[PDB]
Structure formats: structure tokens, C-alpha cells
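Below is one structure; the comments refer to it alone.
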Amino acid sequence: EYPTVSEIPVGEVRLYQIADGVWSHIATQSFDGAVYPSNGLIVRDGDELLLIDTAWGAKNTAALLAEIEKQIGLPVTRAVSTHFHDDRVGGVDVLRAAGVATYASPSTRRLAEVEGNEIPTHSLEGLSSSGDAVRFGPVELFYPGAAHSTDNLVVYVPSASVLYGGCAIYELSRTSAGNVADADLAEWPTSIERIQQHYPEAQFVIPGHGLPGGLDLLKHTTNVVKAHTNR
Ligand SMILES: CC(C)Cc1sc(N)nc1C(=O)O
Ligand SMILES: [Zn+2]
Ligand SMILES: [Zn+2]
């Protein structure tokens with residue numbers, strides 16, 4: 007059963023097997039007086055592991071590495087952060103210290119710096135324009151355009167038809183907007199439609215926060231976003 011927010015004390019990290027060689031990682035952290043769960047991805051990359059997003063903070067990200075070592079036992083050699091917020095780059099300094107090469111797009115690295123957040127070391131080329139996709143080991147990185155943030159990326163695992171939507175995709179049970187200070191509400195539905203067109207074969211869809219679903223989460227997120235804008 008996929009772990010829920012109340013089952014994960016702040017500071018602990020769970021791994022969840024999605025498919026052969028594909029895991030989500032789930033952690034918890036406080037934001038504006040409440041604790042929320044947060045997802046990222048782990049993908050086998052030959053004899054190495056590719057990490058998608060930190061576990062939202064240095065302490066959680068340290069627990070993430072320890073849980074990977076305990077449960078999987080292959081080295082995390084690269085990490086991609088899918089936008090500049092703390093649930094994605096919070097913990098980059100820990101990863102770097104542990105020997106992980108950290109990556110993000112130029113926009114993400116720039117926005118992280120502006121915001122005073124941790125900054126991934128290496129720039130990802132080829133993601134500057136809505137609709138751009140690049141291969142990165144066992145995954146494809148896709149920039150769908152502005153949504154939850156102007157820089158948000160999504161990640162697809164072809165070997166397993168896993169789409170990691172990050173914070174641009176909402177879980178089914180989430181019905182209000184939330185952390186949209188940095189969003190482009192008007193562009194968010196268009197960006198989601200690019201995701202639908204590019205990954206129509208996605209079997210598992212992982213939101214940035216909450217329970218995994220299918221492509222139904224895409225239409226679901228667009229409804230929520232609109233409702234926020236309507237009023
Ligand atoms: C209601 C919460 C999940 C809002 C939060 S907290 C956090 N770190 N991210 C978000 C988001 O909207 O992506
Ligand atoms: Zn965010
Ligand atoms: Zn988030």
C-alpha cells in the first residue's frame with residue numbers, strides 16, 4: 007500500500023516499488039504550519055541509480071540515501087531536480103557531499119539562486135522551450151511549459167511507462183490549488199496538454215505530492231487549476 011502522510015514521521019523516507027527498477031521515494035515536511043508528503047523517483051541506471059528530486063530538505067535527503075543503501079544497495083550517481091523549490095533542490099548540498107552529481111535546467115539553477123535555495127551543480131541543455139525533450143540515462147526529461155512553476159520538468163521512464171509529473175500534477179484527492187505563488191495559472195492547462203500529447207501511453211502517473219494514479223490525474227489537475235482561476 008502506498009504510504010500516506012500520517013505514516014511517515016518528518017525525517018524518515020519510504021521507498022515504494024513501482025516497477026522493476028523504478029521506485030518512488032516519499033518523505034514529509036512542514037510548510038506554512040502543516041506537514042505534507044512529497045514524492046520523487048529512483049530509476050536503475052545500469053549498475054547505478056538516477057535520482058529524481060531530493061526528499062525535501064537536508065535531513066530527509068540524508069535519510070533517503072541511507073534508505074537507498076539499505077534497500078537497494080547501488081550508488082546514486084546522478085540527480086535531477088525538476089524545479090527550484092525546496093522539495094526538489096532542498097538537500098542538493100547533502101547529495102553533492104555524498105558524491106552525487108546534481109543536475110537541473112539553467113532556469114531552475116537561476117531561480118534557485120534568486121530564491122536563496124540550494125543550486126544543482128550541472129546545467130541540463132536542450133530544455134529551454136515548451137515541448138523540448140532530452141534523454142538522460144534511463145529516462146526522458148520533458149519541459150511542458152510553465153505551470154506550477156515556470157521551470158517545472160516532468161520525467162518519463164520508457165522501460166516501465168512511468169510518468170513522474172512532479173508538482174505540476176496533483177493527486178486525485180486534492181481539490182484546492184495551494185502553493186501557487188510561483189505558478190502560471192493561465193499557462194498550466196496548456197502545459198498539461200503537452201504532457202498528454204507526448205506521453206499518451208503512460209501507465210503510472212506520480213504527482214509531486216500524494217498517491218499515484220494514471221493519466222486521469224492530468225485532466226484532474228486542469229480542473230483544480232481552473233477552479234482557482236474562475237474565482
Ligand atoms: C498542499 C501542499 C502539498 C502544497 C505544497 S507543499 C510543497 N513543498 N509543495 C507543494 C505544492 O503545491 O507542490
Ligand atoms: Zn514547487
Ligand atoms: Zn511541491
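Position 113 of the sequence shown, counting from 1, maps to 119 under this note's numbering, and the rest follow consecutively. Beta carbons are placed, not taken as given, at the ideal position from N, Cα and C, and that holds for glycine.
Per DSSP, the beta bridge partners of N45 are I32. Here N158 has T88, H89, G172, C173, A174 as same chain residues with Cβ atoms under 7 Å from its own Cβ, once five neighbours each way along the sequence are excluded. Beta-carbon to beta-carbon, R94 and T60 are separated by about 6 Å, close enough to satisfy the 8 Å threshold.
9 Å or more divides the Cβ of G63 from the Cβ of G39.
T235: member of the alpha helix (DSSP H) spanning 222-236, first to last residue. Residue state for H128 is assigned as strand, using DSSP reduced to three classes. Going by DSSP, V98 is part of no beta strand (DSSP E) but of the alpha helix (DSSP H) stretching over 98-103.
Counting only residues of its own chain and dropping the five nearest sequence neighbours on each side, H234 has a CB closer than 6 Å to the CB of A183. With contacts defined as CB atoms closer than 9 Å, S134 and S113 qualify as a contacting pair. What you get when you keep residues with a C-beta closer than 5 Å to any heavy atom of ligand 3 is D93, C173, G214. When Cβ pairs closer than 8 Å are counted between the two stretches, the stretch 43-50 is seen not to touch the stretch 183-194, the count staying below three.
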